[PDB]
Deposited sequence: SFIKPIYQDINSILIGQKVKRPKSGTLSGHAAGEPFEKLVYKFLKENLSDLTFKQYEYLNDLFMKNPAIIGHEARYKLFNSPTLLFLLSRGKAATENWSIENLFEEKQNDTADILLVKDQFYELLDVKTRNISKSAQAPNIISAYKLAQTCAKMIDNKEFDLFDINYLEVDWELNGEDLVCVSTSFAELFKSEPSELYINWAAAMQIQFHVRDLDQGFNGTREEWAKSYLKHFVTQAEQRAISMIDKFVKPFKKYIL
C-alpha cells in the first residue's frame, strides 16, 4: 500500500470534513483530491489510467494490440474496458466513469498496482455490512493469479469513511483502512443474494493472515467452492421446499 504509509494524515484531513446534505459519495471525491495532492504521480481514477495508458501508445491501435499494453492477464481482467470500447477509444472519445468499474482510485508505482475502493458509512444507525467485491470476480482473479504466477503485481485495499448528519450537511467522524490480502480468506462472508458480494465493515476486518499470496488465493478458492455448494443446497430449503404445497 502506497496509502497506508500516510494513512494517519488522511484520517486527520477527512475527520471533520463536511459535504452538502450513493449518498455520501462526495467523500470519495475528497479522498481523491487528497490522494492527488500527496501522491500526484500515483493517483488515477480507473478510467484516467486507461486514458493515460492509451494516450502514450499512439502507434498501437485496435483492441487486440491495446489489450497487450497491460502486460498482465489478471490486471487486464480487473481494469480493462470492453472490446468495442477499447477499439473505439481515441483522443476525441476518452473513457469516462463506469458504474461497475472495479476500483475507485488506482495507485501505480514501479509497475505495482494498488486497487483502492472507498466505502462510505452512515453512523447514525447500525446497518448491515456493505458490498465489498464480487465473490465471483475475486474467484476469477485468484484463478488467473495462479495460472499466470502473478502473485506480486497488485493489492486490493479498502478505505472506510463514516459520516454523520449535522444540519444541512454530512460530517466525517471516523475512518479505517484494511487490506484484502491481509485478512483470513476462509472467513470472508459471501452474500450470494447481494450480487455474490463479499461483505464486511472495514473497521472489523482481521489483518493477521501470515502466508503467501499464492496460499491466500488457493485458500479463497476452496472457501468460494464450498459456500457455492452450501448455497446451492440451502436455496432448495428456503426457496423451494416452503413453496411446493402451492404446486
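Missing from the model, by position in the deposited sequence, are residues 22-30, 257.
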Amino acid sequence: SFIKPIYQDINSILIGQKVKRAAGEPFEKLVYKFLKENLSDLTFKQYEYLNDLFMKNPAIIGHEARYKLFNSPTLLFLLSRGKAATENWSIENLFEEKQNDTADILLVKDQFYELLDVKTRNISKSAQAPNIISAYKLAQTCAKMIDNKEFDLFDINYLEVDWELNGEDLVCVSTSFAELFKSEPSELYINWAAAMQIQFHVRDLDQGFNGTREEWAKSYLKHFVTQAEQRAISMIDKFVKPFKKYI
From here on, numbers count along this sequence of modelled residues.
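According to the PDB record, 123-131 carries the higher mean C-alpha B-factor of the two stretches 154-162 and 123-131. Higher mean CA temperature factor, per the PDB entry, when comparing 95-103 with 74-82: 74-82.
For the set 40, 51, 183, 197, the maximum C-alpha B-factor listed in the entry falls on 40. Based on the entry's C-alpha B-factors, the most elevated value among 202, 60, 190, 31 belongs to 60. For residue 243, the recorded CA B-factor ranks within the highest third of the chain. Only modelled residues enter the ranking.
Per the deposited record, the Cα B-factor of residue 108 falls in the middle third when ranked against the other modelled residues of its chain. Among all modelled residues in this chain, the alpha-carbon of residue 65 has a temperature factor (C-alpha) in the highest third. Ranked by C-alpha B-factor against the other modelled residues of its chain, residue 170 falls in the highest third. Ranked by C-alpha B-factor against the other modelled residues of its chain, residue 142 falls in the middle third.
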